[PDB]
Structure formats: structure tokens, C-alpha cells
RNA sequence: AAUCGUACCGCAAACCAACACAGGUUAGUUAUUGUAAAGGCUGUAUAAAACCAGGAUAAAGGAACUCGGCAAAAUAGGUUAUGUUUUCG
Ligand SMILES: [K+]
Ligand SMILES: [Mg+2]
Ligand SMILES: [Mg+2]
Ligand SMILES: [Mg+2]
Ligand SMILES: [Mg+2]
């Protein structure tokens, strides 16, 4: 249930970088009429967050992630915003909000960014060309594009073999061992029964 | 009045490091909104009075930016909802001075000074506060002076919806 | 507490409380609780809790000092405070 | 280094080194028991209890 | 005789309520049965010792039968082998409690969060009704 | 199938140090990519002296300090064509 800003031009996004409130008066009035009149502003707009602040943010991320998976090449943030809104309707308002969602995906390796090549660090810092983003069909354990991921895995694979044989040569176990800890108690048994009941219903 | 010090902002040190100092003042400010009257030491009361006045100013603003700042100060959702809805309408016309401080002697054990901090317009108030808008006699020098210096002086409480907003709604409907 | 106890004693004897003067006061040693506290390098010190007796005598029309203290009322809180009725229109005149 | 910790209690050591069975195993230990009987000490050995 | 006890006072187990022997503060595995406030001398004694935190799937465990088959024939190695088996059994009692405490913490956090959402919804709905009244009163 | 141990403290205010002592004290287990589940714990009232202790920043100069680069600071890490010394590793 998206809500429009007092300018009636876009929807407000659930993040700390949003500086516009949601219009909630029963009647539609221009901003200039009531903003300078001196009346309390809370009578016209809601400056707070919704009760489902965390759940809405998670839903928006899934919409962005699914759209990227349907794409076949990296695209800009502007294209992502237009594509999501066209498919589902006016649910996202700004490109900064989408960028924040993408940063979370990049941190956890759910997406990747293609960066340009620059001759000097200062040119890279001052560059203003938009970036391109892609998505991984499944979560990976390495950063970068699929070509970069393959290179990183190859280095990791070599290191693992190097370490395992060095341990064997120095009279250590090739593979570390642990003990199995029991993590199934009476609480877990009752959770499983609850899960079956919900699934049946 | 509250003394001004040399540190950034001119606040009290409350005998604490800055990190612990901010955690304490936020908690007490939350309790002041919930209960509206608290008894504590003089130094914590002086700091709370000045900090409390600036927290009410954010509530009166009623903007997205103001709410974000307040959301980092208040500790409970119920207290934050009250600040923007109930207290915002209560102090529409009052220009400053939303909190009062009265000294109450010394404690028993360590003989520390104490005081009481309270809001200045409500049921259960210690005293009766002056009206938010001061009435002006019709044949006084004060009325003539205000006309010459501030033609937009406010003499009586204003309605929630001013005539311009009411007229627009009537024309629309 | 000692002052109140002494005055009650005077009234039982038939003296006027409004003419009483503190004529004699002194202290006296009581029984002490002895103790010890350790110090550095194996030395030891004393840890004593003291006790004292107090004696007060009140007499009528005894020689007295002229000291007197000024008295003021406390802060007025409640319906007895009327600072909110002040008229501030006078201070704008000449 | 900090001194003063020359006593490291051990129940088995105390019984074996100063016990009644040890004192009765040698002539000198038997003489020690007699000396303590002559002086009239209420407890003869660290090993004694009722 | 049953294999496991099923009637426990859960207020006592979590720690909100005192036990039948208040002097004992941390019951041992074999002391849980008699510290239960719902102890009764008419109930048959279980054939095995389990804490209240054990799952109902432990009734099919037979640990000493398996130990005998793995028993080394050298007495010196057998003594050490037995010592580690007893260590394994004792530790299993406190793995169940740790899982019990972590599992309940997650359920509590979910329920507390759900209540927080409902309270905010009611407050916002109440304010909206008040706001509507102001506009209607002003016509 | 009898007999003895089962409470409470146990990196500690309960054990060894005369103390509620910044010291000493064995083994077994647990969460955590850049962090970290469970569990556990909690400080008389203020501040805009000198001076002392432990930190931070500092113009221009850069060992001129001092018995002595004491203390403090410092790209500290990895791969190198070539050269030197070897007991040839
Ligand atoms: K302010
Ligand atoms: Mg000593
Ligand atoms: Mg025990
Ligand atoms: Mg410098
Ligand atoms: Mg020199």
C-alpha cells in the first residue's frame, strides 16, 4: 500500500535517507496552501514509519533481485526502477533507495557491479558515469562477476590443496575434525509439530 | 538559568564520558515524556530541562527530518507517538519554556541538592502557568507599540485549521 | 532530638518554654568498638568505631546572646500561587 | 616472585606424613606420642576424629 | 514402568517458580525427578534418567549395548575408552539444555516483535480517526 | 541388589597468600567470514585550580637532545632482473 508524497509525484520509501513525509489528510490540498499557513503539520502528513517497516524492506529487495535475474545483461539503477514499477506499479520512488538495497545485496554476494577502468585514481574518483549491476541466480562465496568468481575459485582451490599436503607432511591431519553437537531438544520437537500443522492448514 | 560551559554545545559533563553521558540523558528524557514529573539531582535536572525543551521543539516541527532526529533519542515507541501527537498540539502557541525546574532542598545520605522537573501546562501541574498567548488590553500603550513594531502579533489562540484552509475546502466541496 | 527531649522535661517541671535558654552543653566519652585493618608489607593498623554521650541543660532567664535569624516563606506551589495574574502592560509605558 | 604460598594442601599427603599409623611405625614416633600424652594435649595427631 | 517422565512443572524448569527442594539451586540429572514440584510417590519410577530438556525421541537410545561391542580387549585401553564414554554421556545432558534455551529465545523474540507491531497499528488508527474529526468539525 | 560421595563456592567476596588482596590455581566443553547465539555482570554528589599519571593533535626546523636516538614516531607486507659472501644448506 504505497503512499504518495505531499507533492503527489512519487511514493515515499522506507529508509533513513527519505526526507519527505506521506500525505494523509482526508482531502487533497496543495503544499503552498497549508505549509505557510501556520497550522500543525501532523494534521496533513505522517512523518513516522509504518508498523511493518522491516517486512516491507525485505519485500522490496526480493522484487529488485527477481527483476535482475530476469535480465540478461547488466543495467543501470534507472532501468531497474522503471522496470520494477512497470511490472508491479508505482511502488518505488527514487534511485537512491534502490541503491541502498543493492549495497546490501553486494555485501552478501547476491549481486555484483561492473566498474569501469580508469588510468589514474583521480579520474576514477571524479568519474560520473553510472554503474551497471547484475544478479547471481544463487548466493556465492566470492565477489565480482562470474569471470572474476571463477578466477578467485581457482586460486582458492590451489591454496586448499597446498595447505592439506603441508599438514600431512608435518604430521597434522589433512582435514580438521570436530565433535557433533546435539541441537535437537524438546523445543525443536514441538516446533516441528507446529510447522506441520501450519503446512496442513 | 542553565550555565554554559566551554565544551562543544556548552552542556554539563555529568561526571561521565561523552558516550555514557549521551546514553543517560536519552533515557531520562524518555521518562520525562512518559511521566511528566521527575525528581533527581540538580545537575541532571538542569541538563534535562535544556535538553527537554529542544526535544519538544522537534515534536512541534512535525516533519520527516525532525522525526528521524527524535527517533534516535526516544527509547520507546509509545513515548515517541505521544510526543508528535499529544504534546505537539498542546504547545502550538507556547514559544519556549515548556519545562520548569524548582529546587527541593538536600538529600539525606550524601546531602546532594535536588529539584523537580515538570511540564508547564497540564492537569496535575504544580502551579498554574501563564497563558501561551498574552492578552492585550484594547486601550493600552502595549497595543499601539506592537502595531508599530510587529503587525503580526498574536493575541488569542488560533484554530487548528486557519480560515484560508477552511475556505479552500469549502470551495473544493 | 536532645533539644526536644529536654524541653518536654522542662514542661513537666513547670517551666515556661518561651523563656528557655541553652545554658550548658557538653559531650562525654562512651565505650569504643576496637578493630584492626591490614596494611602493606605485613603491618597492621587500628580500626575503631567511637561513641559519645550528649548532655543539654535548659534554664529560664539565663544570660543569652542577641543572635536572631531572618525568616522567609518557601516557594508557593498550588492554588496559593498567583504569579500568573501579573499584568505586564505597565512596563511598556513611560 | 611473590612468596608466602609454601603450603599446598593435600589430604593424602597429610595422612601419610603425619598420621597415627606413621607415628606408630617407628621408635621415635612412639616416643613423640608419649611426650604428647605426658603434656596432656587433647588431640594427639592431625589424623584423629570421633 | 515408563522409560521417560512426562509430567513436569514448566514454571519450575524455566526458573520462575521455586522447586520442592529450594536448597538445591542447580539440580543434577538424577536430582531433577525429586526436585519437581509435581512429584508423587504413586507414579512409577522411570527406568532411565533424563532431564526435562531431553526430546521424546531419546526413548529409543541404547548406549551401553553399543559400548560393549566397541570395547577394546586391552584393559589399559579399555579403562581410557570407558572414561571417554562416560564423558560423552554427561555432555549430552547439557547440549540439550543449550538447544532448549536457544530455541525458546527465538520463539520469545518472534512473539514480542508481533505484539510491538499490533500496538503501533492501534495507535496510528486512533490518531487517524481524531484527525478526521478535526476536518469534519471545521466543515 | 551391600557400602561411601551427591547441598553451596570453585579465574574466586567461600581455595593458597594475616584481608571482600590488581598476585597464584588443573582438565573438559560452547556462539563468531569483516564478527559473535546462550548465559553473566553493574558506579556517593559536582566542576571552567596548580601539579602528577595514561592518551590525542600540532606551524617551521629534524638528533641541534642526551653518558647513550632512553622514550616516541616511521609503507611496515609480497615478487624481482643483476651482484657479493659461503662450511654450498
Ligand atoms: K532546538
Ligand atoms: Mg601478605
Ligand atoms: Mg550441585
Ligand atoms: Mg611538528
Ligand atoms: Mg649531539
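Chains as they are written, first to last, in our numbering: chain A, 1 to 201; chain B, 1001 to 1173; chain C, 2001 to 2094; chain D, 3001 to 3050; chain E, 4001 to 4139.
C-beta: ideal position from N, C-alpha, C; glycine also.
Look up residue i in the DSSP assignment and say whether it is helix, strand or coil.
i: residue 1138 (chain B); result: coil
i: residue 1105 (chain B); result: strand
i: residue 193 (chain A); result: helix
i: residue 1156 (chain B); result: coil
i: residue 1116 (chain B); result: strand
i: residue 45 (chain A); result: strand
i: residue 9 (chain A); result: coil
i: residue 267 (chain A); result: One cannot answer for residue 267 (chain A) here, as it falls past the ends of chain A, which runs 1 to 201.
i: residue 4121 (chain E); result: helix
i: residue 1100 (chain B); result: strand
i: residue 2024 (chain C); result: strand
Give every residue of the same chain whose Cβ lies closer than 7 Å to the Cβ of residue i, excluding the five residues on either side of it in the sequence, and list them in chain order.
i: residue 1045 (chain B); result: 1101, 1115 and 1117
i: residue 166 (chain A); result: none
i: residue 183 (chain A); result: none
i: residue 4028 (chain E); result: none
i: residue 1051 (chain B); result: 1025 and 1029
By alpha-carbon positions, which one of the options ends up nearest to residue i?
i: residue 2055 (chain C); options: C:2066, C:2030, C:2065 and C:2086; result: C:2030
i: residue 984 (chain B); options: B:1052, B:1068 and B:1138; result: Chain B is shown from 1001 up to 1173; residue 984 (chain B) falls before or after that span and cannot be answered.
i: residue 1124 (chain B); options: C:2083, C:2089 and C:2079; result: C:2079
i: residue 125 (chain A); options: A:109, A:115 and A:132; result: A:115
i: residue 72 (chain A); options: A:134, A:199, A:26 and A:112; result: A:134
i: residue 2075 (chain C); options: B:1090, B:1103 and B:1141; result: B:1103
i: residue 232 (chain A); options: A:143, A:192, A:198 and A:55; result: This structure gives no information on residue 232 (chain A), because the portion of chain A shown stretches from 1 to 201.
i: residue 989 (chain B); options: A:14, A:151 and A:175; result: Nothing can be reported for residue 989 (chain B): it is not among the residues displayed for chain B, which extend from 1001 to 1173.
i: residue 22 (chain A); options: A:38, A:44, A:30 and A:77; result: A:44
i: residue 138 (chain A); options: A:127, A:159, A:106 and A:154; result: A:106
i: residue 2090 (chain C); options: B:1140, B:1168 and B:1159; result: B:1140
i: residue 189 (chain A); options: E:4058, E:4069 and E:4064; result: E:4058
i: residue 191 (chain A); options: E:4123, E:4108 and E:4131; result: E:4108
i: residue 38 (chain A); options: B:1167, B:1170 and B:1160; result: B:1160
i: residue 1031 (chain B); options: B:1153, B:1113, B:1076 and B:1063; result: B:1076
i: residue 57 (chain A); options: A:91, A:28 and A:46; result: A:91
i: residue 4087 (chain E); options: E:4063, E:4072, E:4037 and E:4127; result: E:4063
Closest Cβ-Cβ distance between residue i and chain E: below 8 Å?
i: residue 196 (chain A); result: no
i: residue 1030 (chain B); result: no
i: residue 1093 (chain B); result: no
i: residue 21 (chain A); result: no
Can you give me the Cβ contacts of residue i inside the same chain, cut-off strictly under 6 Å, excluding the 5 residues immediately before and after it?
i: residue 4100 (chain E); result: 4053
i: residue 4030 (chain E); result: 4049
Mind checking if residue i is an interface residue toward chain B, Cβ cutoff 8 Å exclusive?
i: residue 2089 (chain C); result: yes
i: residue 4109 (chain E); result: no
i: residue 4134 (chain E); result: yes
i: residue 4138 (chain E); result: yes
i: residue 2081 (chain C); result: yes
i: residue 79 (chain A); result: no
Would residue i count as contacting chain A if we go by Cβ distances under 8 Å?
i: residue 1088 (chain B); result: yes
i: residue 4100 (chain E); result: yes
i: residue 4131 (chain E); result: yes
i: residue 1084 (chain B); result: yes
i: residue 1140 (chain B); result: no
i: residue 4086 (chain E); result: no
i: residue 1034 (chain B); result: no
i: residue 1162 (chain B); result: yes
i: residue 1078 (chain B); result: no
Note down, in chain order, each residue of its chain lying with its Cβ closer than 8 Å to the Cβ of residue i, except the 5 sequence neighbours on either side.
i: residue 2007 (chain C); result: 2017, 2020 and 2058
i: residue 179 (chain A); result: none
i: residue 17 (chain A); result: 96, 97 and 100
i: residue 4056 (chain E); result: 4004
i: residue 1018 (chain B); result: none
Please decide whether residue i counts as near chain C, where near means a Cβ-Cβ distance under 8 Å.
i: residue 1137 (chain B); result: yes
Which ranges would you report for the alpha helix (DSSP H) in the stretch 2031 to 2059 of chain C if only whole runs of at least 4 residues count? none
What ranges does the alpha helix (DSSP H) occupy inside the stretch 4002 to 4059 of chain E, keeping only unbroken runs of at least 4 residues that lie completely in it? 4010 to 4014 and 4032 to 4035
Which residues neighbour ligand 7 when neighbourhood means a C-beta less than 7 Å away from any of its non-hydrogen atoms? List them by chain order. By its list of ligands, the structure shown excludes ligand 7, since it contains just ligand 1, ligand 2, ligand 3, ligand 4 and ligand 5.
Entirely enclosed beta strand (DSSP E) segments - the stretch 4064 to 4103 of chain E, minimum 3 residues: none
Could you give the uninterrupted runs of the beta strand (DSSP E) lying entirely in the stretch 123 to 181 of chain A, keeping only those of 3 residues or more? 132 to 135
Just to confirm the assignment: which complete beta strand (DSSP E) runs, minimum length 3, are found wholly within the stretch 1007 to 1093 of chain B? 1037 to 1041
Where are the alpha helix (DSSP H) runs, 4 residues long or more, that stay fully inside the stretch 47 to 107 of chain A, in chain order? Those alpha helix (DSSP H) runs which fall completely within the stretch 47 to 107 of chain A and span 4+ residues are 53 to 70, 77 to 88 and 95 to 107.
List in chain order: all unbroken alpha helix (DSSP H) runs of 4+ residues lying wholly within the stretch 3007 to 3048 of chain D. 3011 to 3018, 3020 to 3023 and 3027 to 3039
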